[PDB]
């Protein structure tokens, strides 16, 4: 039995993505009950990604899980779920996450264990230093520069260099940058990458628009830093085409339809010699913990979504010594 309801996330501070800022995030919480056991799922919908409370609720209303007598047949169930519409990946991810939580609970094990991973190999998660006045930047950098091992900075703006210089003036932590399709000029992108490398940046994400794949490959082939694809891909079927253009791929549950496809993407990327990183949207600990289950296999992780909201409903993965830390709870590892 699947039930679901809207649960708007309240952000602690203004959150900015490219040219979009917000203080809330539409979200739908999902639950799947089977023989007294309940699996928790979630759909998070950053406005610019094209899904809404209406689209997600409408999609979930099309899903009939009652006709399935065995929660363990995830291949069949999720194939059916995917067939209900061409996209709606966040809505589909919510069903996938709840099903994995349910199945893990039925098996009495966390997915990192079912997948055969070593939880001690979880990565450090980045935490973002937001754009603001040089004084506010140095302040916030200092405030969190003590809990994390790596910092994230979103570039592609107008004061990128000043921002990096400001941050680097009060901390020596490595920095991961996400240009989010911000650099349209190929030479600028490469020149900036070399400058960032000199400033201690250790990874760059989506330097240019996804439409300029040839330019991206040109940059990556000469880049001293690993270049990860984000906006350039969404699902499993988008991975292969990026080989040779990117060093690795970024996987997000809300973009790929959940844990099952996410794990297939990790397998595919690796089998193809590409690296993998995992990201997130502003989410409750439900989706964050779910994604964390395969973090022992990634090179980089931006899994701080729940720290950005003031109304988390679950206690799941925690950040210890700046490291994503999985508990021993079965399923996706959360307690309501």
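Numbering follows the first chain given and starts at 1.
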| property | result |
| --- | --- |
| Of 169-177 and 244-252, the stretch whose C-alpha atoms average the higher B-factor in the entry | 169-177 |
| Mean C-alpha B-factor comparison - 124-132 and 96-104, higher one | 124-132 |
| Residue, from 236, 213, 114, 204, that the PDB entry assigns the highest Cα B-factor | 213 |
| Residue selected from 161, 119, 87, 260 by maximal Cα B factor | 161 |
| CA B-factor ranking of residue 34, expressed as a third of its chain | highest |
| Residue 48 by Cα B-factor - lowest, middle or highest third of the modelled chain | middle |
| Where the record places residue 11 (Cα B-factor, split into thirds across the chain) | lowest |
| Chain third (lowest, middle, highest) by recorded CA B-factor, residue given as residue 186 | highest |
| Third of the chain's Cα B-factor distribution that residue 75 belongs to, per the entry | lowest |
